[PDB]
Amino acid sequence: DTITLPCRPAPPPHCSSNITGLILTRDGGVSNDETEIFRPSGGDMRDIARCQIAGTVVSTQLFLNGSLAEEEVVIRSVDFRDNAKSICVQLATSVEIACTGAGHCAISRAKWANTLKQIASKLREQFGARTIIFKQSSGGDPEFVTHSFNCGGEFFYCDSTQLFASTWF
């Protein structure tokens, strides 16, 4: 099965990439027990620039064509206890994102689920929470609420909701 991201404008096929990582914000407050909720970063370019893993291309939510890790996915933060600090997630095995030009970009659902399972186990480890929930962006300007990216000097805005809508136990 295939996960899709609608995009405006329509990304050309040569704008296909490998997702090599991503950045997220942890919802704060006393947790509803015993769950931690994670969304694509509520921050901005500053957060992304400090991650040190973004690479050449300028993107939000997902890192494109960036660096990878050795054997396992590694999450990193300036301070995991601080909900105002974003969590930088570096994949070890990249996930292809095929753009078609029809208007949407696609990724393997099995491969992303396999990826999300690994991220969840690392987060579950760092925070100790039994369950991990990925949810869409809390809000923000168009460039951040969506997975947005610069290819060939053109800005593309892709709805990443199908990427971030699962619960892990």
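In this text, residue numbers run from 1 along the sequence as written.
The stretch 27-35 shows the higher mean C-alpha B-factor when 40-48 is compared against 27-35 in the entry.
The PDB entry reports B-factors from which the mean C-alpha value can be compared for 105-113 and 123-131; the larger average falls on 123-131.
If you compare the C-alpha temperature factors of 158, 10, 145, 151 in the entry, 151 comes out highest.
When the Cα B-factors of 73, 87, 95, 84 are read from the PDB record, 73 comes out highest. Sort the chain's modelled residues by C-alpha temperature factor and residue 139 lands in the lowest third, per the entry.
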